[PDB]
DNA sequence: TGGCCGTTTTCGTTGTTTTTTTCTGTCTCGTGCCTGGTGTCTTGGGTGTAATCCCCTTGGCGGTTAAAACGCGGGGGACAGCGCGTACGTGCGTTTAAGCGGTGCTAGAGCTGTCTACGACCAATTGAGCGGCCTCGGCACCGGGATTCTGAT
């Protein structure tokens with residue numbers, strides 16, 4: 024049940040950075056679902072790369088490749 | 025020439041898009057949007073044409089432009 | 033000359049719908065489709081091999097690429113067919 | 032354990048454009064990510080170009096066309112200027 | 038004399054054009070537009086017939102999809118009429 | 067967040083380990099994604115002449131993005 | 021006996037996954053247990069981890103007279119309980135008629151060549167006739183109403199429904215003693231449902247699971263497994297213990313032939329189909 | 001004239017910026033090595049160039065008809081205003097677990113060595129696949145009756 028670790032005030036802070044001034048009570052649970060889906064998709068691909076490499080350790084590069092192939096290129100974690 | 029993309033044509037496109045009612049200001053807006061789209065694709069297509077040292081834009085030139093813009097088109101290979 | 037998948041698409045079509053034909057435009061779309069999926073899978077396999085400092089693309093890279101590119105049931109059935117085909121071929 | 036990167040070249044360029052400015056390790060990592068990313072985009076497009084035209088060689092022409100396809104507007108023009116100048120100077 | 042109420046014929050047209058696949062923009066003006074736009078990139082160009090048809094299929098598919106999203110934006114604002122701001126919201130969220 | 071990542075990853079393959087920077091990479095990606103989503107969501111709320119974001123705003127933003 | 025899938029829930033499988041297994045048609049821990057991982061994974065809303073938890077916790081938890107004397111002699115006294123006996127023959131040879139008769143003869147005393155158990159008729163072809171069961175019951179002096187009371191009936195509409203009724207049959211066959219399970223036009227739904235050619239492996243898999251369930255029920259309940267096959289299969293041969301070839305003699309009298317049996321000779325016996333019964337041939 | 005209602009001031013508050021001092025760890029430089037890049041020479045094949053041919057793009061004429069343009073009436077939908085009630089923002093006291101710092105161990109990433117299976121390469125063969133030609137049947141166009149559906153009553 025760790026998705027609940029994505030707290031209401033954390034989601035509020037993320038929304039604030041996104042420019043949001045007011046937030047419906049139902050947003051938080053909604054956000055959690057969305058986040059979980061996103062995470063699942065990334066991690067699935069990442070783990071796939073890890074498994075292809077016959078490793079037991081997910082590397083930063085595994086994640087970077089997953090993100091890249093999902094059209095969400097991330098800078099800063101190569102090498 | 026952009027005005028040649030007429031109001032009833034844009035209406036037909038909107039109908040296929042499921043639109044029931046249409047503001048009068050849509051048409052000009054649509055034209056601007058169309059122009060931008062066309063420009064981008066054509067700019068790339070011609071680039072391919074020029075690389076091949078041709079003076080004729082081919083269907084493949086267009087297909088490659090569309091593909092590289094994430095708008096893959098089937099049927100013209 | 034100028035290659036396409038037309039005859040193979042037609043053979044498959046005859047397998048699944050013996051009395052059904054296909055228009056020229058539709059066949060063009062099927063050819064576009066096959067080339068597209070070929071490129072996606074081959075490209076991912078290429079990257080898989082590169083990431084792992086391997087110079088050979090094997091059926092394992094194809095399979096992993098399929099798992100990455102195809103959703104759910106399509107991925108499972110495709111993996112099943114590829115594996116079956118390789119097993120029938122090997123002997 | 033030898034790991035290559037673009038760090039020293041990025042740093043040399045940095046000293047060219049901002050002589051009294053430094054850069055954090057994290058920022059340098061983002062720059063390295065950037066160079067590798069653009070490398071991949073350009074090289075890949077060039078590969079596709081050579082393939083489309085039944086050429087077995089990627090030349091500066093493929094690089095240039097790839098640059099024109101991938102880069103926006105003035106950025107593309109400026110990049111093309113730099114590459115062309117570099118190739119002609121190299122040839123001499 | 039008979040007259041259909043506002044909306045009835047619109048809906049009829051939606052069903053009609055979602056049922057069919059024919060191109061909805063006239064051939065010759067589209068071609069004229071394409072050649073005009075192309076001229077500002079490269080001189081002396083010619084076009085394969087299928088190249089212009091390719092551009093038209095792509096353009097019309099793009100506009101229809103955009104109108105779908107635009108319609109969703111209009112309905113979101115409790116309207117049934119699409120407006121420029123709907124298009125602009127759709128294009129902003131698409132990353133255009 | 068780390069616990070979240072490990073739980074989810076473990077439901078794909080058991081006994082996995084993580085490089086530290088892998089989890090940090092995942093967090094940067096997730097937060098950037100959510101912040102952008104909240105930008106679009108906010109635009110949808112404002113479009114509907116509201117100042118309060120609601121689930122339907124999120125759903126519209128994601129539908130237009132092609133996520134749904 | 022059975023191990024209803026309810027007990028799997030106390031092992032710590034979540035209840036939603038048990039509902040998904042029942043939707044798939046698995047209603048016992050026995051059902052989940054003797055299957056590989058992939059069966060549970062293909063079910064909607066089931067991951068590989070849940071399938072591994074299910075299999076692990078499941079592994080923690082887990101002669102009937104034909105009433106024709108000539109046929110009984112051909113079979114050495116009647117069907118052996120605990121095994122599948124296939125009778126392949128042309129249409130109208132009496133497969134359905136024999137099934138209706140057996141649905142009652144199974145209820146006959148063992149001293150009369152029965153199994154002293156109730157019958158199960160799963161129909162796929164519409165040929166189920168309670169009146170035929172009543173006629174056979176009054177013929178052998180069995181209560182026709184009790185035959186229908188000793189026959190739980192449901193028409194399988196498709197192959198999936200055909201296999202799913204065995205799960206209901208498996209749970210239902212525990213509550214009452216049965217001796218006969220009838221699947222009429224058992225192969226017809228695999229041709230009508232799976233009518234395409236690319237889907238042949240699918241009907242073969244579904245049929246394989248169906249046959250395994252039939253054999254399982256036979257060994258569990260000591261019941262006779264009777265399936266009727268229209269020949270417009290050799291897979292049943294390894295599964296079926298005795299293959300009987302049926303052909304029509306004119307009037308209502310049928311010719312029976314053994315065309316494969318590892319134990320019974322290829323041989324023939326003559327019998328008839330009478331309003332009351334499937335009954336000895338009277339030329 | 002006296003009493004109200006509106007606005008601007010201010011003082012108290014208060015978050016946040018600014019500006020200075022201590023520290024600290026991470027960045028900027030050195031140096032040793034080693035392996036990847038540069039000079040030189042070779043072959044060979046891919047690309048550049050020139051001629052040819054033909055197809056397919058461009059341009060023009062004419063008609064004709066369906067679609068576009070335009071006018072107009074009206075209705076319904078956009079939009080502004082208003083009321084309300086409730087859900088959300090703000091603040092405060094409590095509690096909860098995130099964070100940080102140390103320590104410990106073992107799984108597993110990563111590197112090296114060896115060798116054998118496996119894929120590149122190459123020559124001869126040939127049969128699968130492609131271009132071209134022909135034909136017939138699926139589909140399209142036409143037309144006319146049936147059914148549906150819409151709007152006024």
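Residue numbers (the authors' numbering), protein chains in the order written: chain F, 24 to 102; chain B, 25 to 101; chain H, 33 to 123; chain D, 32 to 123; chain A, 38 to 133; chain E, 67 to 134; chain L, 21 to 82, 101 to 270, 289 to 339. Built from N, CA and C at the ideal position, the CB exists for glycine as well.
Using a Cβ distance threshold of 8 Å, residue 81/F and residue 73/F count as a contacting pair. For residue 82/D and residue 62/A, the gap between their C-alpha atoms comes out near 34 Å. Taking 8 Å as the cut-off, the Cβ atoms of residue 82/E and residue 28/F do not count as close. Per the DSSP secondary-structure output, residue 221/L pairs in a beta bridge with 160/L and 265/L. The three-state reading of DSSP puts residue 168/L in helix, counting H, G and I together. In the structure shown, residue 43/L adopts helical secondary structure according to DSSP, grouped into three states. Counting only runs of 4+ residues, the alpha helix (DSSP H) found wholly inside the segment 37-90 of chain F occupies 50-75, in chain order. With contacts defined as CB atoms closer than 8 Å, residue 334/L and residue 123/L fail to qualify as a contacting pair. Below the 9 Å Cβ cutoff, chain L contributes no neighbours of residue 106/E, its closest Cβ being approximately 30 Å away. Between residue 140/L and residue 104/L, the C-beta spacing is below 8 Å. Not flagged as an interface residue toward chain L: residue 81/E, since no C-beta distance is shorter than 8 Å. Boundaries of the beta strand (DSSP E) harbouring residue 316/L: 309-316, taken from the DSSP string. Residue environment: residue 266/L is assigned as buried (16 or more neighbouring CB atoms within 10 Å of its CB, all protein chains considered).
Using a CB distance cut-off of 8 Å, residue 65/D counts as an interface residue toward chain F.
In the structure shown, residue 216/L adopts extended strand secondary structure according to DSSP, grouped into three states. Straight through space, the alpha carbons of residue 101/A and residue 40/A are spaced by roughly 29 Å. DSSP places residue 99/E in the uninterrupted alpha helix (DSSP H) bounded by 86-113. The Cβ of residue 94/F sits no closer than 8 Å to any Cβ of chain E. Judged by DSSP in its simplified three-state form, residue 76/D adopts helix. A Cβ-Cβ distance of about 15 Å is found for the pair residue 107/H and residue 77/H, leaving them out of contact under the 8 Å criterion. Distance between residue 66/H and residue 35/L, taken at the CA atoms: about 43 Å.
Against chain E, the CB of residue 130/A has a partner CB under 8 Å away; the residue lies at that interface.
By the beta-carbon neighbour count (other beta carbons within 10 angstroms, threshold 16), residue 52/L is buried. Using a Cβ-Cβ cut-off of 9 Å, residue 96/A is close to 58, 61, 62 and 65 of chain B, given in chain order.
Its Cα nearest to that of residue 116/E, the residue 113/A stands out among 88/A, 91/A, 113/A and 97/A.
Per the DSSP secondary-structure output, residue 324/L pairs in a beta bridge with 313/L. With a 10 Å radius around the Cβ and a threshold of 16 neighbouring Cβ atoms, residue 40/H comes out exposed. Per DSSP, residue 193/L is not a residue of any alpha helix (DSSP H); the beta strand (DSSP E) it occupies stretches across 189-193. Here residue 53/A is exposed, its C-beta having fewer than 16 other C-beta atoms within 10 Å. In the three-state scheme derived from DSSP, where H, G and I count as helix and E and B as strand, residue 132/E is classed as coil.
Within a 10 Å sphere around the beta-carbon of residue 39/F sit fewer than 16 other beta-carbons, which makes this residue exposed. The C-alpha of residue 58/D lies about 12 Å from the C-alpha of residue 101/F.
Taking each of 226/L, 312/L, 269/L and 49/L in turn and checking the Cα distance to residue 76/L, the smallest one comes out for 49/L. Scanning its chain for C-beta atoms nearer than 6 Å, with the 5 sequence neighbours on each side dropped, one finds around residue 89/D the residues 77 and 81, in chain order. Annotated as distal: residue 75/E and residue 86/F, with beta-carbon spacing of 8 Å or more. In the three-state reduction of the DSSP assignment, residue 245/L falls in the helix class, which pools H, G and I.
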